[PDB]
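The chain below stands alone and is given in structure tokens; this is the form deposited in one PDB entry.
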């Protein structure tokens, strides 16, 4: 738990309510991003989600995952993260349309390294989308938003949800939609959608379609087309991520290899 007296918040709300702040550490100040909830008139489920996020993010340690500073219980309830100051990747690419192919590949490779770590750690993210990739710099991406994430049971490779909730269905794999089963391979499917977004400079996927129409499209074997100017090898990797059968879809170790820009062995 953090000391309210060591936190300064700027008033501007970004996009729970979000503010930038400065948190005084043992020697230096750290720039932070804070999600803020009201103490009494809050939504208990939304607070439960951020407590769940905190519980997950306390167990993670990787350079491509946003680091939590802590929780502050004061005039409001606050979840404090190290700030990735350039913000969400989708918004960044919408506003910066001359980011080069090599640079987009570098960023999505960093996401694949964070996700290879998550997969090794046996956590499922369950909301992997370009809006949840935050940029530290134009050459350094981090994964964020662990509100739906789950620690997998020791005896299974998937989390089974009771039924469909309110979900980011356009990023979800068919086994998620049809059987409510979430594995790291389901996150790989989402990563393919994230790649499409990144090479479409933050356009929304399955534009104009209802979730039910996306399900029917995918079951027929149809997929989003290649973004204008997208490197062919990156569109081919998207299609591999969008393998319908979860058993033939690659895991993140295989995907991460395919985003490296140097020679390697498997």
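Residue numbers count along the first chain shown, from 1. Shifts are known only where both forms have a C-alpha. Just so we're on the same page, rigid core means the largest C-alpha set that superposes within 1.5 Å between forms.
K.L.:
Does residue 39, which is modelled here, drop out in at least a third of the other compared PDB entries?
P.N.:
yes, residue 39 frequently unmodelled elsewhere, at least a third of entries.
K.L.:
Note whether residue 114 lacks coordinates in a third or more of the other compared entries that model its flanking residues.
P.N.:
Modelled in all the others, so no.
K.L.:
In terms of residues present in the deposited sequence but not modelled, what lies between residue 15 and residue 16: none, 1 to 3, 4 to 9, or 10 or more?
P.N.:
The entry leaves 4 to 9 residues without coordinates here.
K.L.:
Going by the B-factors listed in the PDB entry, is the mean over the C-alpha atoms higher for 39 to 47 or for 228 to 236?
P.N.:
It is 39 to 47 that shows the higher mean C-alpha B-factor.
K.L.:
Quick one: say whether 21 to 29 or 253 to 261 has the higher mean Cα B-factor in the deposited entry.
P.N.:
It is 21 to 29.
K.L.:
Among 105, 80, 135, 74, which carries the highest Cα B-factor?
P.N.:
That would be 74, according to the entry.
K.L.:
Between 98, 150, 185, 170, which one tops the list for C-alpha B-factor in the PDB entry?
P.N.:
Max CA B-factor in the entry, restricted to 98, 150, 185, 170: 98.
K.L.:
Which third of the chain holds residue 199 when residues are ordered by C-alpha B factor: lowest, middle or highest?
P.N.:
Residue 199: CA B-factor falls in the middle third of its chain.
K.L.:
Using the B-factors in the PDB entry, rank residue 114's C-alpha atom against the chain and give the third, lowest, middle or highest.
P.N.:
CA B-factor rank for residue 114: lowest third.
K.L.:
Among the modelled residues of its chain, does the C-alpha B-factor of residue 165 lie in the lowest, middle or highest third?
P.N.:
Highest third of the chain for residue 165's C-alpha B-factor.
K.L.:
Based on the entry's values, in what third of the chain does the Cα temperature factor of residue 157 lie: lowest, middle or highest?
P.N.:
It belongs to the highest third of the chain when residues are ordered by C-alpha B-factor.
K.L.:
Sorting the chain's CA B-factors, does residue 121 end up in the lowest, middle or highest third?
P.N.:
As the PDB entry reports it, the C-alpha B-factor of residue 121 lands in the middle third of its chain.
A second form of this protein, the form deposited in another entry, is not displayed here; the remarks below concern that form.
K.L.:
Only one of 42, 31, 215, 239 shifts by 2 Å or more at CA between this form and the one not shown when the core is aligned; which is it?
P.N.:
Between the two forms, the residue that moves is 42.
K.L.:
Using the form shown as baseline, tell whether residue 167 and residue 38 are closer or farther in Cα-Cα distance in that other deposited form, where the change reaches 3 Å or more.
P.N.:
Here the pair is farther apart than in that other deposited form; there, closer.
K.L.:
Do any runs of 3 or more residues shift their CA by 2 Å or more between this form and the one not shown on a core fit, and if so, which ones, in sequence order?
P.N.:
These are the shifted runs between this form and the one not shown: 38 to 44, 261 to 266.
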